[PDB]
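Undergrad: Sharing a structure, written as structure tokens. Questions coming.
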Amino acid sequence: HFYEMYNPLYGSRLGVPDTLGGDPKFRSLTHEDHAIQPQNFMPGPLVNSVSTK
Amino acid sequence: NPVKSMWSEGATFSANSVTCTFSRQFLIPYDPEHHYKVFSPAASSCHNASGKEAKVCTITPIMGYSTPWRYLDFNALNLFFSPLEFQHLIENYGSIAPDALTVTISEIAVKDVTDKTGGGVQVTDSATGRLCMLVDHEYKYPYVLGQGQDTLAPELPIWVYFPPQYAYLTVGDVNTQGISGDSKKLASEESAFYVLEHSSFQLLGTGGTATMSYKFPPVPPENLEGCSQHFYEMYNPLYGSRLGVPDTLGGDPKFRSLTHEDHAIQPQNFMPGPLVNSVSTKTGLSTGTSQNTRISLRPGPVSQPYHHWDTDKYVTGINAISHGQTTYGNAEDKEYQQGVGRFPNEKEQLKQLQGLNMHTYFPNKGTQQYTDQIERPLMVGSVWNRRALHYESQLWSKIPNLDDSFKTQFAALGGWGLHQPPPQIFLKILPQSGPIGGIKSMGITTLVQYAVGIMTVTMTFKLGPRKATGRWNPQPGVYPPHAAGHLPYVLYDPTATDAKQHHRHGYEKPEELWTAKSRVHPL
Amino acid sequence: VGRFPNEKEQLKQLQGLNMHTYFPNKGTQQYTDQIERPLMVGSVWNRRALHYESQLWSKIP
Amino acid sequence: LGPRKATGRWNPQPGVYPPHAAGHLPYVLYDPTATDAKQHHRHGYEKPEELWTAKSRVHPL
Amino acid sequence: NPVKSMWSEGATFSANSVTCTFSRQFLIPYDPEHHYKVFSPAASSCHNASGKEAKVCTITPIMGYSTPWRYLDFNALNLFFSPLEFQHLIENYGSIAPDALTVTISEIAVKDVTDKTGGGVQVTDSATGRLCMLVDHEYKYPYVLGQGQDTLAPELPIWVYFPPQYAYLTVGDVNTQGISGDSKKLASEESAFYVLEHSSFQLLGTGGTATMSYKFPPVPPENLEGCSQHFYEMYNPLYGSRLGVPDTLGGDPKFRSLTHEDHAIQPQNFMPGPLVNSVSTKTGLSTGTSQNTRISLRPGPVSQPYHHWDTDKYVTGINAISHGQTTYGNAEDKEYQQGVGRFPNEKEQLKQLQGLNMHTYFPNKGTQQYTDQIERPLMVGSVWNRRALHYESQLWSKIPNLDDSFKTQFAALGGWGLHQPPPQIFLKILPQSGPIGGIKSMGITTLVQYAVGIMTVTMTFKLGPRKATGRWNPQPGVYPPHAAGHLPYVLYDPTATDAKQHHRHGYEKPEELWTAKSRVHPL
Amino acid sequence: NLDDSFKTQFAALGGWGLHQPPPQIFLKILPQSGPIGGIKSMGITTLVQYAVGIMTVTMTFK
Amino acid sequence: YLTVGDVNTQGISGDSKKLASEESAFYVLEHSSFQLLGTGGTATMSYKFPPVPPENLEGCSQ
């Protein structure tokens with residue numbers, strides 16, 4: 001998967017933990033936190049594409 | 001004896017490009033076994049998608065394999081130049097781009113270890129043992145390297161490197177089994193069990209060497225200069241444009257334009273573009289998905305930024321990402337506003353959380369407008385800048401082998417984008433089998449043995465030339481963004497330690513990344 | 001009809017486009033845009049593959 | 001025709017046969033006599049159900 | 001240094017043949033002694049032939065010798081191609097046959113072991129010690145290799161191989177001594193005590209190499225395509241044959257033949273042949289003998305099969321033999337219907353337990369017939385197929401040096417038949433003698449020492465070309481016979497393990513063997 | 001086209017046995033399409049047409 | 001011709017019928033250019049019966 005190249009077993013750069021002003025920077029879970037895993041690009045161009053409704 | 005073996009690092013500039021090249025011992029592990037150990041956590045969440053913590057986001061299940069092969073990375077604009085260096089480069093050349101480069105395994109160690117008579121451990125030099133070594137080249141064995149690693153090139157000299165270990169993420173079967181409402185990732189037809197060992201690679205007894213290299217295909221360069229002039233600020237500083245729009249419909253005049261003013265008008269000739277969210281800090285971060293729980297972050301389109309100060313306030317438009325949070329000798333998982341990107345000109349060109357009026361949608365005299373910081377789709381006639389560079393920096397990453405791919409020139413993280421880059425360079429140790437225990441007892445084990453290689457990468461960048469300016473005004477300078485009295489890239493004693501923000505200072509990065517475009521011309 | 005893309009495998013069917021915060025209380029007000037996902041600089045993707053039967057080529061205007 | 005990429009795939013990788021519906025194989029002739037036991041069909045040659053997918057094979061980008 | 005030493009495996013196809021070649025470390029034992037230890041159990045039965053268990057079958061007594069020489073095997077169509085590979089081959093070429101091949105001992109280890117001060121064990125690299133190495137070539141030293149081994153090529157990369165140990169079965173004296181009614185095998189004149197050591201072979205200190213090779217003489221190839229048409233189904237689909245036989249004798253008409261029908265007639269032009277038993281599953285298995293207790297099994301004539309489904313029912317006509325019983329990580333001596341041969345076209349051509357009418361033997365109007373599934377002697381004008389192939393597979397075996405030998409083209413097991421094949425490649429370690437114990441004590445022992453070689457075989461098969469067909473219909477496919485959701489040649493996690501047939505899946509063969517003729521033409 | 005085939009020298013019926021013999025020689029007529037019926041009526045039929053060839057085989061026996 | 005493949009025991013409940021399978025073949029002549037042939041034209045071809053034992057044409061007065 002595009003979003004599945006990354007270091008399967010390693011910690012990315014630095015993610016975003018909470019809010020503004022006083023918000024930490026949870027690096028990343030070794031072996032996990034795949035929601036993070038800063039992707040290097042980002043699929044694009046989608047216009048509607050909603051199932052038969 | 002002619003063969004002059006040696007430490008290999010430094011870099012030399014030359015009017016049109018430069019050669020960077022470093023070295024770092026490194027140490028191939030030992031892993032008693034090796035089986036690629038398969039993989040499929042079966043959803044790292046509550047199996048499905050309920051709600052309780054910060055790992056229960058389960059971005060669809062996932063597959064994987066952890067190959068005995070430890071590969072290696074250096075993908076950091078970093079290590080190559082070395083600030084005194086980097087700097088230099090920044091002040092003298094208006095552009096950089098990777099030509100090609102090379103890697104060289106040197107003094108091989110491959111020395112096995114047999115522990116003492118119980119007393120301890122005994123490590124001796126061992127020929128016969130060999131550090132397998134294989135370079136991808138062809139490109140079978142899914143990429144990786146370019147995806148944020150926080151586990152690569154030991155930023156600094158005299159700092160061993162025990163390079164990552166190969167593991168990938170195939171795709172295929174997803175079974176909702178286990179409980180009854182529990183999703184798990186499984187192996188499918190369209191799945192791949194890449195088996196390194198099957199495709200000869202070279203061995204490598206002690207002292208031996210090996211090398212390889214490649215040429216970064218062409219590629220636009222990352223300009224290294226500013227923009228002492230705003231996109232929307234070229235125009236006849238003292239003159240009247242064509243004809244503006246004064247009021248409403250049917251009976252609406254055409255106020256030309258105010259000599260010396262009415263800058264809101266000044267019909268711009270283009271219009272910055274591609275903005276998607278980029279709203280200051282107000283899990284889940286401007287990410288596309290499928291089921292609002294199958295997400296995946298992203299430092300977002302390089303079109304926009306993620307830091308800088310509009311004025312005193314160092315925004316961070318969510319999404320974002322920091323390159324190691326300024327810590328004072330301690331790596332704590334949690335540390336707020338600490339050393340993130342830096343300060344773009346992108347701003348100077350309409351790039352932070354900014355409005356996208358788009359006005360009228362059929363209102364009463366242009367009343368109903370709208371505010372879209374989240375929007376600013378791409379319009380034909382764009383323009384703009386990208387997240388510049390930093391001495392530390394994503395350097396280049398594999399684009400995926402997918403059809404059409406609009407402006408794939410750079411790595412989300414900042415490096416270079418290019419299907420086919422510095423092919424992975426795996427190098428596991430070779431399992432020198434053999435009985436272990438007593439004279440009467442057997443044991444088909446992996447005689448202990450590891451290897452200490454001294455890798456040496458070497459890159460070359462086609463430095464463009466610094467543009468020309470009539471600037472009478474000396475133009476900026478160099479020195480890496482810091483915090484007064486706390487100068488980065490040096491050593492402060494832990495003794496007469498910091499008088500204020502207490503710090504032993506065993507060398508430390510700067511606060512906000514080593515900005516790139518620190519210089520400037522006037523587009 | 002058509003068939004079964006990898007496009008899916010790469011985020012391509014009716015899928016959400018969070019884009020989160022638009023000035024909410026701690027990133028609460030998000031949004032769900034399957035209809036949207038404008039082109040952003042740094043794309044990637046696949047196209048409707050082929051079929052033995054298949055539109056083969058057509059004049060662009 | 002470009003050339004088929006290279007893979008370290010130990011796993012035989014997919015196959016061929018055009019997407020169909022079991023017992024009802026496309027691109028062939030079934031007799032209208034001993035016609036379909038289920039979905040009744042004289043079968044005078046018939047396309048497959050879901051189009052002849054393209055990218056039926058695979059590499060690992 | 002020019003000498004580039006390395007891992008050696010992979011394979012490359014080429015319009016008319018291909019080169020297969022693999023590698024696997026391996027480890028020469030140590031055997032403190034060596035004396036060929038003679039042999040003669042003196043009947044493994046109740047000495048004679050009474051009745052009580054499943055080993056008391058005593059197939060006549062037997063002789064033997066276990067030489068210090070461990071030889072080596074790779075005789076598996078397997079290891080060479082590697083499914084992704086194999087597969088490929090199967091879909092693109094209508095035939096395979098072994099051209100020739102080669103073997104190469106690489107990185108030699110020959111490192112001795114001297115155990116710690118009691119604390120444990122110490123293994124060091126040792127020159128002076130050498131892995132003897134001898135290749136048969138000439139063919140003295142009775143064969144073996146081709147007879148089912150279940151102890152050969154480590155099917156997979158990164159899987160040491162500690163190759164078999166040479167032992168043979170001479171013949172001669174059979175004494176009915178011991179009790180008074182007890183048969184024992186002894187050594188006769190016509191007996192043979194093959195003494196390896198007597199016929200110089202080469203040594204081999206560390207790092208050294210050695211190689212050899214041979215050319216599989218000519219040999220018919222194993223077609224790799226089906227038969228989209230039945231032997232007995234060529235004929236004028238819509239027309240009347242010559243003249244059939246209607247009733248009895250003297251006054252019996254001659255019903256020509258039904259246009260469009262009477263397929264029972266349709267005088268076939270040949271007639272499949274050679275069937276001997278081949279009756280479904282209803283010790284002792286269709287085996288010839290001498291005294292109904294001096295037997296010996298046999299997967300039987302390759303003329304017939306031993307598995308497939310006539311319809312849902314996967315017969316197994318006794319005799320048979322399975323290539324490793326589908327187990328899920330555990331090798332249990334007993335496991336029913338588990339991964340045996342596969343599904344022939346032989347069937348399609350009259351090959352499973354099928355009747356052999358032969359009708360009249362002097363009855364009343366052709367009443368007394370007979371049913372011979374056990375029979376179907378060879379009749380002049382045969383035709384037929386053989387037990388196809390499987391990625392795993394007997395690859396080739398020595399025919400015996402016996403006069404006349406009808407259709408010895410293939411190994412009962414499926415491989416290739418040929419007096420004179422890949423001469424055995426023995427390689428014992430050399431007994432580096434020497435005192436052991438204390439300073440005052442002696443001990444003419446065998447200083448401990450073993451060696452880890454990295455063998456590399458390489459074969460070449462003259463792939464025929466895929467026949468031509470007017471088939472509009474895409475024709476079959478590839479993917480190895482399996483059991484839905486359980487795909488062979490891959491890794492499933494023992495964690496989110498099988499939802500049904502529970503399996504940790506540390507890579508596993510397919511259920512029914514990797515059928516050969518998976519494709520097809522229309523003879 | 002089956003593996004091993006003991007004494008396949010002759011046809012059960014008596015002729016000669018040999019994978020690969022006097023390749024079939026097909027020869028259908030070509031469907032010269034075209035309207036049929038009246039001036040106003042159509043009909044995508046197969047204009048009637050046949051052909052009388054005079055085949056000539058020639059063999060040689062050693 | 002007579003391809004091979006599927007055999008369904010459908011129709012009644014105890015009734016076997018031959019059907020088309022994967023391993024089946026729908027040979028479509030028209031797909032593989034062959035030559036046409038207006039009137040008067042000709043065409044030919046030929047082949048060599050590979051070697052082959054001959055059918056003796058004599059008895060055995062013994």
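Chain identifiers are assigned as A, B, and so on, following the order in which chains appear in the structure tokens; residues are numbered from 1 within each chain, and ligands are numbered from 1 in order of appearance.
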Please return, as a list in words, all residues of chain D lying within 12 Å of chain C when only C-alpha atoms are considered.
TA: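 Applying the cut-off to the listed atoms yields residues 17, 18, 19, 20, 27, 47, 48, 49, 50, 51, 52, 53, 54, 55, 56, 57, 58 and 61 of chain D.
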Undergrad: Let me see the file: selected residues, N, CA, C and O atoms, as a PDB file, in the first residue's frame.
TA:
```pdb
ATOM      1  N   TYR D  17      -7.066 -16.760 -15.642  1.00  0.00           N
ATOM      2  CA  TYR D  17      -8.513 -16.920 -15.831  1.00  0.00           C
ATOM      3  C   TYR D  17      -9.430 -15.751 -15.523  1.00  0.00           C
ATOM      4  O   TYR D  17      -9.518 -15.274 -14.392  1.00  0.00           O
ATOM      5  N   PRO D  18     -10.132 -15.275 -16.555  1.00  0.00           N
ATOM      6  CA  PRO D  18     -11.078 -14.162 -16.539  1.00  0.00           C
ATOM      7  C   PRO D  18     -12.196 -14.236 -15.502  1.00  0.00           C
ATOM      8  O   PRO D  18     -12.924 -15.223 -15.446  1.00  0.00           O
ATOM      9  N   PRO D  19     -12.346 -13.188 -14.671  1.00  0.00           N
ATOM     10  CA  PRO D  19     -13.394 -13.160 -13.646  1.00  0.00           C
ATOM     11  C   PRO D  19     -14.739 -13.695 -14.161  1.00  0.00           C
ATOM     12  O   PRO D  19     -15.276 -13.202 -15.165  1.00  0.00           O
ATOM     13  N   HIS D  20     -15.261 -14.708 -13.462  1.00  0.00           N
ATOM     14  CA  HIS D  20     -16.526 -15.356 -13.815  1.00  0.00           C
ATOM     15  C   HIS D  20     -17.392 -15.699 -12.595  1.00  0.00           C
ATOM     16  O   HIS D  20     -17.210 -15.156 -11.492  1.00  0.00           O
ATOM     17  N   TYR D  27     -16.244 -17.028 -22.481  1.00  0.00           N
ATOM     18  CA  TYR D  27     -15.470 -17.267 -23.689  1.00  0.00           C
ATOM     19  C   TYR D  27     -15.487 -18.723 -24.100  1.00  0.00           C
ATOM     20  O   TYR D  27     -14.453 -19.315 -24.372  1.00  0.00           O
ATOM     21  N   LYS D  47     -19.581 -13.057 -22.479  1.00  0.00           N
ATOM     22  CA  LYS D  47     -18.569 -12.294 -21.777  1.00  0.00           C
ATOM     23  C   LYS D  47     -18.489 -12.783 -20.346  1.00  0.00           C
ATOM     24  O   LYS D  47     -19.238 -13.661 -19.942  1.00  0.00           O
ATOM     25  N   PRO D  48     -17.549 -12.247 -19.566  1.00  0.00           N
ATOM     26  CA  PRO D  48     -17.473 -12.699 -18.183  1.00  0.00           C
ATOM     27  C   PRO D  48     -18.385 -11.768 -17.438  1.00  0.00           C
ATOM     28  O   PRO D  48     -18.904 -10.800 -18.003  1.00  0.00           O
ATOM     29  N   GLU D  49     -18.567 -12.055 -16.162  1.00  0.00           N
ATOM     30  CA  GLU D  49     -19.419 -11.231 -15.339  1.00  0.00           C
ATOM     31  C   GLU D  49     -18.720  -9.864 -15.217  1.00  0.00           C
ATOM     32  O   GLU D  49     -19.000  -8.953 -16.003  1.00  0.00           O
ATOM     33  N   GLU D  50     -17.800  -9.731 -14.260  1.00  0.00           N
ATOM     34  CA  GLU D  50     -17.056  -8.485 -14.068  1.00  0.00           C
ATOM     35  C   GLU D  50     -15.846  -8.455 -14.997  1.00  0.00           C
ATOM     36  O   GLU D  50     -15.007  -9.359 -14.969  1.00  0.00           O
ATOM     37  N   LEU D  51     -15.785  -7.404 -15.812  1.00  0.00           N
ATOM     38  CA  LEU D  51     -14.739  -7.192 -16.813  1.00  0.00           C
ATOM     39  C   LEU D  51     -13.389  -7.856 -16.602  1.00  0.00           C
ATOM     40  O   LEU D  51     -12.958  -8.069 -15.467  1.00  0.00           O
ATOM     41  N   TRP D  52     -12.724  -8.157 -17.722  1.00  0.00           N
ATOM     42  CA  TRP D  52     -11.417  -8.804 -17.702  1.00  0.00           C
ATOM     43  C   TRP D  52     -10.384  -7.855 -17.125  1.00  0.00           C
ATOM     44  O   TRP D  52      -9.674  -7.159 -17.838  1.00  0.00           O
ATOM     45  N   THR D  53     -10.330  -7.847 -15.802  1.00  0.00           N
ATOM     46  CA  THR D  53      -9.423  -7.008 -15.046  1.00  0.00           C
ATOM     47  C   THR D  53      -8.094  -6.956 -15.728  1.00  0.00           C
ATOM     48  O   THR D  53      -7.687  -7.907 -16.390  1.00  0.00           O
ATOM     49  N   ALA D  54      -7.406  -5.843 -15.538  1.00  0.00           N
ATOM     50  CA  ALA D  54      -6.098  -5.690 -16.117  1.00  0.00           C
ATOM     51  C   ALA D  54      -5.046  -6.195 -15.130  1.00  0.00           C
ATOM     52  O   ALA D  54      -4.775  -7.386 -15.068  1.00  0.00           O
ATOM     53  N   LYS D  55      -4.497  -5.274 -14.346  1.00  0.00           N
ATOM     54  CA  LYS D  55      -3.434  -5.522 -13.368  1.00  0.00           C
ATOM     55  C   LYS D  55      -3.497  -6.786 -12.517  1.00  0.00           C
ATOM     56  O   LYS D  55      -3.056  -6.797 -11.373  1.00  0.00           O
ATOM     57  N   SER D  56      -4.000  -7.858 -13.107  1.00  0.00           N
ATOM     58  CA  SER D  56      -4.150  -9.146 -12.440  1.00  0.00           C
ATOM     59  C   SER D  56      -2.872  -9.720 -11.805  1.00  0.00           C
ATOM     60  O   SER D  56      -2.923 -10.650 -10.999  1.00  0.00           O
ATOM     61  N   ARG D  57      -1.727  -9.170 -12.171  1.00  0.00           N
ATOM     62  CA  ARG D  57      -0.465  -9.646 -11.626  1.00  0.00           C
ATOM     63  C   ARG D  57      -0.044  -8.598 -10.608  1.00  0.00           C
ATOM     64  O   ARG D  57      -0.850  -7.749 -10.265  1.00  0.00           O
ATOM     65  N   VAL D  58       1.197  -8.636 -10.132  1.00  0.00           N
ATOM     66  CA  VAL D  58       1.642  -7.655  -9.146  1.00  0.00           C
ATOM     67  C   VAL D  58       3.106  -7.674  -8.745  1.00  0.00           C
ATOM     68  O   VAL D  58       3.751  -8.716  -8.649  1.00  0.00           O
ATOM     69  N   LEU D  61       5.629  -2.033  -5.314  1.00  0.00           N
ATOM     70  CA  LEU D  61       6.191  -0.704  -5.416  1.00  0.00           C
ATOM     71  C   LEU D  61       6.898  -0.374  -4.106  1.00  0.00           C
ATOM     72  O   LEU D  61       8.141  -0.530  -4.062  1.00  0.00           O
TER      73      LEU D  61
END
```
Undergrad: Counting only C-alpha atoms, what is within 6 Å of segment 9-20 of chain A, bar same-chain residues fewer than 2 positions away, as a ChimeraX atom specification?
TA: /A:7,22-31 /B:148-150,281-282,321-323 /C:26
Undergrad: Keeping N, CA and C atoms, export the residues of the selection given above as a PDB file, in the first residue's frame.
TA:
```
ATOM      1  N   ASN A   7       9.044   2.139   7.660  1.00  0.00           N
ATOM      2  CA  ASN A   7       9.785   1.282   8.593  1.00  0.00           C
ATOM      3  C   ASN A   7       8.774   0.468   9.396  1.00  0.00           C
ATOM      4  N   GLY A  22       0.166  24.820  24.299  1.00  0.00           N
ATOM      5  CA  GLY A  22       0.776  23.847  25.191  1.00  0.00           C
ATOM      6  C   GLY A  22       0.390  22.434  24.791  1.00  0.00           C
ATOM      7  N   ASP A  23       0.980  21.959  23.693  1.00  0.00           N
ATOM      8  CA  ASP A  23       0.721  20.621  23.160  1.00  0.00           C
ATOM      9  C   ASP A  23       2.029  19.871  22.901  1.00  0.00           C
ATOM     10  N   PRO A  24       2.232  18.723  23.577  1.00  0.00           N
ATOM     11  CA  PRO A  24       3.445  17.903  23.422  1.00  0.00           C
ATOM     12  C   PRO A  24       3.710  17.442  21.981  1.00  0.00           C
ATOM     13  N   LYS A  25       4.628  16.488  21.828  1.00  0.00           N
ATOM     14  CA  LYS A  25       4.951  15.950  20.517  1.00  0.00           C
ATOM     15  C   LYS A  25       5.348  14.484  20.571  1.00  0.00           C
ATOM     16  N   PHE A  26       4.335  13.666  20.830  1.00  0.00           N
ATOM     17  CA  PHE A  26       4.438  12.218  20.905  1.00  0.00           C
ATOM     18  C   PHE A  26       5.123  11.786  19.616  1.00  0.00           C
ATOM     19  N   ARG A  27       6.366  11.327  19.721  1.00  0.00           N
ATOM     20  CA  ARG A  27       7.090  10.895  18.533  1.00  0.00           C
ATOM     21  C   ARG A  27       6.268   9.863  17.784  1.00  0.00           C
ATOM     22  N   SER A  28       6.457   8.600  18.128  1.00  0.00           N
ATOM     23  CA  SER A  28       5.705   7.545  17.495  1.00  0.00           C
ATOM     24  C   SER A  28       6.025   6.185  18.055  1.00  0.00           C
ATOM     25  N   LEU A  29       4.975   5.384  18.146  1.00  0.00           N
ATOM     26  CA  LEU A  29       5.051   4.046  18.687  1.00  0.00           C
ATOM     27  C   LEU A  29       5.796   3.055  17.833  1.00  0.00           C
ATOM     28  N   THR A  30       6.872   2.540  18.405  1.00  0.00           N
ATOM     29  CA  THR A  30       7.673   1.534  17.741  1.00  0.00           C
ATOM     30  C   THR A  30       6.710   0.394  17.460  1.00  0.00           C
ATOM     31  N   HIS A  31       6.734  -0.117  16.235  1.00  0.00           N
ATOM     32  CA  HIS A  31       5.885  -1.240  15.872  1.00  0.00           C
ATOM     33  C   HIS A  31       4.434  -0.808  15.640  1.00  0.00           C
TER      34      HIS A  31
ATOM     35  N   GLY B 148       9.935   8.597   7.106  1.00  0.00           N
ATOM     36  CA  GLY B 148      10.405   8.955   8.442  1.00  0.00           C
ATOM     37  C   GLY B 148      10.955   7.775   9.223  1.00  0.00           C
ATOM     38  N   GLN B 149      12.226   7.827   9.568  1.00  0.00           N
ATOM     39  CA  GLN B 149      12.806   6.688  10.244  1.00  0.00           C
ATOM     40  C   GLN B 149      13.224   6.861  11.689  1.00  0.00           C
ATOM     41  N   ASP B 150      13.704   8.055  12.045  1.00  0.00           N
ATOM     42  CA  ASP B 150      14.205   8.349  13.406  1.00  0.00           C
ATOM     43  C   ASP B 150      15.097   7.187  13.899  1.00  0.00           C
ATOM     44  N   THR B 281      -2.910  25.124  15.142  1.00  0.00           N
ATOM     45  CA  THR B 281      -3.295  24.185  16.182  1.00  0.00           C
ATOM     46  C   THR B 281      -4.543  24.762  16.863  1.00  0.00           C
ATOM     47  N   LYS B 282      -5.654  24.025  16.822  1.00  0.00           N
ATOM     48  CA  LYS B 282      -6.902  24.477  17.440  1.00  0.00           C
ATOM     49  C   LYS B 282      -7.277  23.563  18.597  1.00  0.00           C
ATOM     50  N   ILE B 321       4.597  18.339  11.785  1.00  0.00           N
ATOM     51  CA  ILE B 321       5.517  17.303  12.219  1.00  0.00           C
ATOM     52  C   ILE B 321       6.809  17.985  12.589  1.00  0.00           C
ATOM     53  N   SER B 322       7.391  17.576  13.701  1.00  0.00           N
ATOM     54  CA  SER B 322       8.631  18.177  14.115  1.00  0.00           C
ATOM     55  C   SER B 322       9.758  17.190  13.936  1.00  0.00           C
ATOM     56  N   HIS B 323      10.933  17.713  13.618  1.00  0.00           N
ATOM     57  CA  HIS B 323      12.117  16.887  13.433  1.00  0.00           C
ATOM     58  C   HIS B 323      12.807  16.837  14.804  1.00  0.00           C
TER      59      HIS B 323
ATOM     60  N   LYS C  26     -10.515  22.249  20.061  1.00  0.00           N
ATOM     61  CA  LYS C  26      -9.546  21.151  20.214  1.00  0.00           C
ATOM     62  C   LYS C  26      -9.630  20.114  19.084  1.00  0.00           C
TER      63      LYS C  26
END
```
Undergrad: Report as a list in words all protein, DNA and RNA residues lying within 10 Å of residue 107 of chain E, evaluated on only C-alpha atoms, omitting residues in the same chain fewer than 4 positions from it.
TA: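 Selected residues are residues 128, 129, 130, 203 and 205 of chain B; 5, 6, 7, 25, 206, 207, 208, 209, 451, 452, 453, 454 and 455 of chain E.
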Undergrad: Could you write out that same residue set with N, CA and C atoms as a compact mmCIF listing (two decimals), in the first residue's frame?
TA:
```txt
# COMPACT_ATOMS: atom_id res chain seq x y z
N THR B 128 36.53 -16.74 7.68
CA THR B 128 35.48 -17.74 7.47
C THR B 128 34.04 -17.26 7.72
N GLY B 129 33.89 -16.27 8.59
CA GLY B 129 32.58 -15.73 8.86
C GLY B 129 32.47 -14.60 7.86
N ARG B 130 31.29 -14.39 7.30
CA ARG B 130 31.18 -13.33 6.33
C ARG B 130 29.89 -12.57 6.35
N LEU B 203 29.30 -12.24 -0.61
CA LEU B 203 29.67 -12.45 0.78
C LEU B 203 30.70 -11.42 1.14
N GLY B 205 34.40 -11.79 3.56
CA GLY B 205 35.22 -12.13 4.71
C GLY B 205 35.75 -10.85 5.31
N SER E 5 33.69 -13.56 -4.07
CA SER E 5 33.01 -14.76 -3.57
C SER E 5 31.59 -14.40 -3.19
N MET E 6 30.64 -15.31 -3.39
CA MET E 6 29.28 -14.93 -3.05
C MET E 6 28.18 -15.95 -3.04
N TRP E 7 27.04 -15.48 -2.52
CA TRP E 7 25.84 -16.28 -2.42
C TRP E 7 25.52 -16.59 -3.84
N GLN E 25 23.97 -23.32 3.24
CA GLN E 25 25.18 -23.71 3.97
C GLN E 25 24.94 -25.17 4.20
N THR E 206 40.47 -24.41 4.66
CA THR E 206 39.45 -23.38 4.73
C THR E 206 39.40 -22.52 3.47
N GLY E 207 38.27 -21.83 3.27
CA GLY E 207 38.09 -20.95 2.12
C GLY E 207 38.13 -21.59 0.74
N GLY E 208 38.89 -22.68 0.61
CA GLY E 208 39.01 -23.37 -0.66
C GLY E 208 37.68 -23.67 -1.32
N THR E 209 37.73 -24.25 -2.52
CA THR E 209 36.53 -24.59 -3.27
C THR E 209 36.80 -25.86 -4.03
N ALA E 451 32.94 -28.85 9.71
CA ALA E 451 33.05 -27.84 8.67
C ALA E 451 31.72 -27.44 8.10
N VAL E 452 31.59 -26.13 7.89
CA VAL E 452 30.38 -25.55 7.35
C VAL E 452 30.62 -25.09 5.93
N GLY E 453 30.20 -25.89 4.96
CA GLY E 453 30.37 -25.50 3.57
C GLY E 453 29.09 -24.85 3.08
N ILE E 454 29.20 -24.13 1.98
CA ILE E 454 28.03 -23.50 1.41
C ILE E 454 27.90 -24.07 0.02
N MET E 455 27.24 -25.21 -0.10
CA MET E 455 27.10 -25.82 -1.40
C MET E 455 26.20 -25.00 -2.31
```
Undergrad: Compute the set of chain E residues within 7 Å of chain D, using only C-alpha atoms, and express it as an MDAnalysis selection string.
TA: chainID E and resid 82:84 87 473:474 476:479 489:490
Undergrad: Neighbours of residue 374 of chain E within 6 Å (only C-alpha atoms; same-chain residues fewer than 2 positions away dropped), as an NGL selection string?
TA: :E and (276-277 or 372)
Undergrad: Would you pick out the contacts of segment 15-20 of chain F at 10 Å or less, using only C-alpha atoms, so that residues sharing its chain but fewer than 2 positions from it are not included, and give the list as number ranges by chain?
TA: E: 269-270, 381, 523; F: 1-2, 7-13, 22-23; G: 47-55
Undergrad: Report as a ChimeraX atom specification all protein, DNA and RNA residues lying within 12 Å of segment 10-13 of chain G, evaluated on only C-alpha atoms, omitting residues in the same chain fewer than 2 positions from it.
TA: /D:33-38,40 /G:6-8,15-19
Undergrad: Residues near residue 30 of chain C, anyone? I mean within 12 Å using only C-alpha atoms, not counting same-chain ones fewer than 2 positions away, as a VMD selection string.
TA: (chain B and resid 277 279 282 284 to 288 292 374) or (chain C and resid 16 to 28 32 to 33)
Undergrad: Provide as a list in words the residues of chain E at most 7 Å from chain B, counting only C-alpha atoms.
TA: residues 5, 6, 7, 8, 9, 10, 107, 109, 115, 116, 117, 118, 119, 120, 121, 122, 157, 158, 207, 452, 490, 491, 492, 493, 496 and 499 of chain E
Undergrad: Measure the distance from atom CA of residue 28 of chain F to atom CA of residue 468 of chain E in Å and round it to one decimal.
TA: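 That distance, rounded to one decimal, is 21.7 Å.
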